[PDB]
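One-letter residues, chain by chain:
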Amino acid sequence: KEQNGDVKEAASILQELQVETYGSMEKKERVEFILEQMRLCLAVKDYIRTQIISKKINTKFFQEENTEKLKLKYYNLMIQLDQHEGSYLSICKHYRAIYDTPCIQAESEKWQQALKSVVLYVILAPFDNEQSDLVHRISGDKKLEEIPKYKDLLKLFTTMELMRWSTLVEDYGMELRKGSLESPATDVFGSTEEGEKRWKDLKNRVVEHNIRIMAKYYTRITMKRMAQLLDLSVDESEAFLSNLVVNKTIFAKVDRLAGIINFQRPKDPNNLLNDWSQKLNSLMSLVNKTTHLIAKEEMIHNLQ
Amino acid sequence: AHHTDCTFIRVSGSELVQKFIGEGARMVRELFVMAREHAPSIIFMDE
Amino acid sequence: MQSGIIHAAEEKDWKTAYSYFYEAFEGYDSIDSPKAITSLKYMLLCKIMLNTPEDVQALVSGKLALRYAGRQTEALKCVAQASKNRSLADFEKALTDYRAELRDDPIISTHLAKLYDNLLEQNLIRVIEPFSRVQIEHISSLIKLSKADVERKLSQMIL
Amino acid sequence: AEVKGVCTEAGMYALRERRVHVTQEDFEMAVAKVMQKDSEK
Amino acid sequence: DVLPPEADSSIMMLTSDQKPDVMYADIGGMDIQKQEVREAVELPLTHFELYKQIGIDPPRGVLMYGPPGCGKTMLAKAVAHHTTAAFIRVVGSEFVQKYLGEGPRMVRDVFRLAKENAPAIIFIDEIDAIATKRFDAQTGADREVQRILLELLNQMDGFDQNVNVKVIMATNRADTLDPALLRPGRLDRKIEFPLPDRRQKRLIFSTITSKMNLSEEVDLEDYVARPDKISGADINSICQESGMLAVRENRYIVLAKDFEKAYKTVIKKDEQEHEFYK
Amino acid sequence: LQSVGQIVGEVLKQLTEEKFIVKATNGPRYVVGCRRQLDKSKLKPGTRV
Amino acid sequence: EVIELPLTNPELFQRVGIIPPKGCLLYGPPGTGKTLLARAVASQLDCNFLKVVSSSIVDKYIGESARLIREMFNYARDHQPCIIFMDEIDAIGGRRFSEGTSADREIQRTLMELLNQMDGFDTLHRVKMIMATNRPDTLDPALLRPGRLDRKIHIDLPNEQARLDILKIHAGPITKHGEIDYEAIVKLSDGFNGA
Ligand SMILES: Nc1ncnc2c1ncn2[C@@H]1O[C@H](COP(=O)(O)OP(=O)(O)OP(=O)(O)O)[C@@H](O)[C@H]1O
Ligand SMILES: Nc1ncnc2c1ncn2[C@@H]1O[C@H](COP(=O)(O)OP(=O)(O)OP(=O)(O)O)[C@@H](O)[C@H]1O
């Protein structure tokens, strides 16, 4: 700190940081000297070494009883580092973790906007099952009515259906440019490069939501129709289906000569006969017995 | 010994094989009372 | 190194060449760099062409390979990236970008051929995956190639 | 005695290059190594 | 009634807590014996088809011997840690028991379990405890050991050359070993563990010192030139007590001024040969 | 009169939950079962009984 | 350094990254302070100390010496802090034999098995072997091995100041008139035992 720090001073620090870790843990000083070089190595614009030596402070918790001013104030560099690449679900779980101290420090100025940010870019992560578990977790908390537009954010929760992008833009231009707090909008869309990356990310989101809803409730579908529901060109549509079928996320056969495709799988006679068999057994055995015995209960209830 | 249909026998003087000849068999000549039971036989051993 | 070079002509096994270049590494380690870098580019070179998608990045991640991060390493890793991504245009762009440091091998014929057509056939299998039936001009525009060459390549790929 | 050792070790050489057939250089390499063993003691 | 096979000698090896976690990089610079032990048990247990299609009658069992502490145990530790198939071991003295004839059961059941379980590898050590030269069939005490030798030697031969069971033999003194036990068909491959002198000495130095401090100038190649045939095991002792010397002075980094007194502490073999005789 | 239940052995392996193999400390092994309140899962191979 | 420090302060060893030493041995002329240490060290904990004469182990039966030392090591593993002690190990030590008699068989068997029990396929953790013998000239190099027995400790004949302090210790229960030059007895003493 005498030389105000540069690349060379931080490189000088980087070697001896683990020496006291082999010496002794103290829960206040040693974590501070485990995290100062986190900040320095972030300033060197190095991430791989930074995250490897960051894998020591992750277990350094339960100390929050007296480490309130120190614990999550060094958590900003983990979200910065994971913001350097695409690690959206990781930093969503990070913000879900980083909520307890602002809850203790509740005033809804450094408290509410954290919740607004995390629920805002939970959407920014790709579709995922434990992502759905997390959206079940974060939904239902008694502060979400404080955000007025969260009821509009409930659209991308269940009963998916159409997500017309022009409607979203018309609804969200003000929430991106104005607001009482407005800070996550600046963090996500307010920047130039980060804003455009979030823009194309949200476009990718909404188009894959439409892919999922068409996967749920369609047998066959035409390109003119799915293009006009997608509010985008046929060529970029076919490109998106091509680069989403190589990921094997959604099974489809997007055929581009006559104009009609199917979403279904070629149907195995073993599979169809099996499905008929199991539905036959279940839904004419157990519900049949249940109906018989509740008829017995019904005649037991009234006159014998 | 195989071509001549003669019982090939060889002894190394080990003590594992000692119990197959006699209870103590302190000499070596004892071998004959079983060797003559396979009269087409040939005696061999190493250096 | 000589055995690995010489038996990399009939194109039978490169794991022998891989082992030769490995023991060349621990021979030349910290004592002979000008053989070490060319042996490293040879080892990654022979490993990639036998369908090792991520093994290039994994094997260069070792510290003994981290210490030799020269232009040959970026050449091989971007070649491996284009191979695992099938971006043939990116493959040719990387070939042009590193052509000064990609012509250094005395063996060139193994690489401007015998990997180009391979990459082309994985381009074919990556573009056929979305559809079931197509017109030829659509896929020709998608891959940015001619027709007759693609026609005959489709003939072999159906044979 | 060493002849069978040479042929077995040539087959061993044959097995370390992953080949279904032993070649003429395997035999000479094997007898060269056995000759080097003969040079020892 | 018939039963599934069972052995109690070496249950199996639960292998989750039984792996010695010894890496091939941990053993210091012994490329040779690692090479023919990979050729000996590792490759034939997997590529048995290669051995039958070349027809070079892959070895039933390989014996390892030599001076004590040349790494004969850690080789077994490493191959047991790195094997994919099953493995089993027993200390080579439990074949003598309180009562009569338990030992033949103790070898027959473990061979039966090796046959039943998998293409496994069985490790037997200290054959000198079980294989001597002469015998006195009047003690009763000896009678069990030539017996158990008898049965092991027989149950060697009960293999069809198709079962992929490999036996690895360890001992210290090869003089006591009976030659018919090492006769071809039983132990057709023998390997000695020589004391490293110069080629491997800097290698074992580097491997054992990779985990140490060695702050800026602690030289090692000045120590590789020192004569008088330092063994393999005692290098571990040198590093160990050098660290003891470093920790006694309450220093967390070993310095070069430790190693010379550390070296003269351990070896201590002064001359044992008067120079005019030379 | 009923504390005669004296002999000590060691269990070898689990055949079933009621079929067990044990070895006496004198000699021969045996096939033995258990009463229904001895925690048969607790009878690992390697314990004295 | 090996018997007390790692048992209470093991952390410095993994700070420097090496295993503490597995055991040590003592040697010297007869009666030259070994078991004083051993009956002096034995007066420290009295709960982790097992101590044998290296002679009660052998028995006329078949192999029960191996059995008893097996369960001895099992007991050592039972209570993780334990200090084992075998004195006058010559009775079990020897060099080796090429089968002169027949007792050599099972006593050497017990020896071999003891070796594989102390460093074979096991982390003998927090168990220390301290040895004692009158003459190490008749011991197996397998038992003498630095991997097997780490540090060898010699006890010599006591020095003049050492003899002075020893006799002063033995000048505890004395009744007399004190006009004694201890230096005279010290100077006349040469090559004298500790006893
Ligand atoms: N390459 C090596 N050479 C020598 N010792 C080594 C080597 N690698 C590790 N060691 C360690 O050095 C010491 C010497 O080997 P160790 O004591 O295991 O003897 P061993 O030969 O393995 O056993 P034994 O001789 O009883 O069969 C041990 O601590 C061992 O773990
Ligand atoms: N350094 C010493 N200081 C005091 N007394 C000593 C010393 N060395 C030996 N003695 C005396 O020697 C006698 C025997 O002691 P101890 O039984 O411990 O013998 P030891 O030195 O272990 O050797 P050994 O077992 O061969 O007799 C005791 O009376 C003890 O007072």
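Residues numbered from 1 in each chain as written, not as in the entry; some residues may be left out. Chains lettered and ligands numbered in written order. Part of a larger assembly, values for the part shown. Heavy atoms only, no water. Residues with missing side-chain atoms left out of burial classes, pairs and counts.

### Remarks on the overall build of chain A
Working step 1: Counting its regular elements, chain A contains 16 helices and two strands.
Working step 2: Relative to the 2.2 N^0.38 estimate, which gives 19 Å for 304 residues, the radius of gyration of chain A is 27 Å and therefore markedly larger than a compact globule would have.
Working step 3: Projected onto its principal axes, the C-alpha positions of chain A cover 90 × 65 × 45 Å.
Working step 4: Within chain A, counting contacts between residues at least 6 apart in sequence, those at least 24 apart form 59% of the total. (Helix = DSSP H or I, 4+ residues; strand = E, 2+ residues; numbered from the N terminus. Rg over C-alpha atoms; globule rule 2.2 N^0.38 Å. Contact = heavy atoms within 4.5 Å.)

### Focus on empty space enclosed by the protein
Working step 1: Empty space within the largest cavity amounts to approximately 260 Å³.
Working step 2: What lines the largest cavity is a set of 17 residues, among which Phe-205, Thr-209, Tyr-223, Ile-238 and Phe-259 of chain E lie closest to the centre.
Working step 3: Of all the secondary-structure elements, those providing two or more residues to the lining of the largest cavity are α6 (201–209), α8 (233–248) and α9 (256–266) of chain E.
Working step 4: By volume, the second largest cavity amounts to about 220 Å³.
Working step 5: Taken together, 14 residues make up the lining of the second largest cavity; nearest its centre are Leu-45, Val-79, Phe-91, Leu-102 and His-111 of chain C.
Working step 6: When contributions to the lining of the second largest cavity are tallied by element, the ones reaching two or more residues are α3 (33–48), α6 (71–85), α7 (88–97), α8 (99–102) and α9 (109–112) of chain C.
Working step 7: Here the lining of the second largest cavity takes three residues from α3 of chain C, the largest share from any one element. (1 Å grid on protein atoms, 1.4 Å probe; cavity = no way out; pocket = protein on both sides within 12 Å on 5 of 7 lines; lining within 4 Å. Points joined across faces, edges and corners; volume = space filled by probe spheres on them.)

### Notes on the arrangement of the chains
Working step 1: Among the eight pairs of chains that make contact, the interface with the largest number of contacts is formed by chains E and G.
Working step 2: In this view chain B stays clear of chain C, with the nearest C-alpha atoms of the two still 46 Å from each other.
Working step 3: Chain B shows no contact with chain G. Their nearest C-alpha atoms sit 12 Å apart.

### Things to note about the site of ligand 1
All names here are of chain E.
Working step 1: As a matter of local geometry, ligand 1 sits amid 14 residues, with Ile-27, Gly-69, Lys-72, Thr-73 and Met-74 nearest to it.
Working step 2: The backbone of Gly-28 places a nitrogen or oxygen atom 3.1 Å from a nitrogen atom of ligand 1.
Working step 3: Measuring from an oxygen atom of ligand 1, one finds a side-chain N or O atom of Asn-236 at 2.8 Å.
Working step 4: Protein contact buries 80% of the 600 Å² of open area that ligand 1 shows by itself.
Working step 5: Listing elements by their share of the shell around ligand 1, those giving two or more residues are α3 (72–82) and α8.
Working step 6: Among the elements that line the shell around ligand 1, the one with the most residues is α3, at three residues.
Working step 7: Split into classes, the residues belonging to the shell around ligand 1 amount to six nonpolar, six polar and two charged. (Near = heavy atom within 4 Å. Polar contact = N/O pair within 3.5 Å; in protein donor to acceptor, adjacent residues only side chain to side chain. Areas by Shrake-Rupley, 256 points an atom, 1.4 Å probe, with all protein chains shown as cover. Nonpolar A, V, L, I, M, F, W, Y, C, P; charged D, E, K, R; others polar.)

### Let's talk about the packing of aromatic side chains
Working step 1: Applying the stated criterion to the full structure yields eleven aromatic pairs over all chains.
Working step 2: The interplanar angle of 75 degrees and the centroid separation of 6.0 Å between the aromatic rings of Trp-165 of chain A and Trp-199 of chain A together place this pair among those described as edge-to-face. Placement of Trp-165 of chain A in helix α11 (residues 165–177) and of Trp-199 of chain A in helix α13 (residues 193–216) is noted, with a sequence separation of 34 residues between them.
Working step 3: Given a relative accessible area of 15%, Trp-165 of chain A falls into the buried group.
Working step 4: Relative accessible area serves as the criterion here: at 23%, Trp-199 of chain A is assigned to the partly exposed category.
Working step 5: An aromatic cluster is defined as three or more aromatic residues linked by ring pairs; in this entry it consists of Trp-165, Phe-189 and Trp-199 of chain A.
Working step 6: Over the ring of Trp-111 of chain A we find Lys-143 of chain A, and its NZ or CZ is 3.4 Å from the ring centre.
Working step 7: Note that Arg-226 of chain E overlies the ring of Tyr-263 of chain E, its terminal NZ or CZ placed 3.8 Å from the centroid. (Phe/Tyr/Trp six-rings, centres within 6.5 Å; stacked < 30°, edge-to-face > 60°. Buried < 20%, exposed > 50% of the residue type's maximum accessible area, 1.4 Å probe, protein only. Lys NZ or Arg CZ within 6 Å of the ring centre and 35° of its normal.)

### A short note on the sheet that holds strand β3 (residues 29–32) of chain F
All names here are of chain F.
Working step 1: The strand order across the open sheet built from three strands is β1-β2-β3, with neighbouring strands paired in antiparallel fashion. On the outer flanks of this sheet lie β1 (9–14) and β3, each paired with one strand and no other. Strand-to-strand twist in this sheet, taken as the mean axis angle between neighbours without regard to direction, amounts to 30 degrees.
Working step 2: Pairing between strand β2 (residues 20–24) and β3: four bridges, direction antiparallel. When the sheet's bridge partners are listed, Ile-21 is paired in β3 with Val-31. (Pairing = 2+ DSSP bridges. Axes fitted to C-alpha atoms, helices over the stretch in contact; angles between N-to-C directions.)

### Quick notes on the nonpolar core
Residues and elements named next belong to chain E.
Working step 1: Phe-95, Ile-122 and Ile-124 are the most contacted members of the largest nonpolar core, which totals 24 residues.
Working step 2: Those elements that provide at least two residues to this core are β2 (87–90), α4 (102–117), β3 (121–124), α5 (141–156) and β4 (166–170).
Working step 3: Broken down by element, the residue count for this core peaks at five residues, all from α4.
Working step 4: Those residues in contact with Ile-122 that lie beyond four places of it in its chain are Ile-88, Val-110, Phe-111, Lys-166, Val-167 and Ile-168. (Core = buried A, V, L, I, M, F, W, Y, C linked by side-chain atoms within 4.5 Å.)

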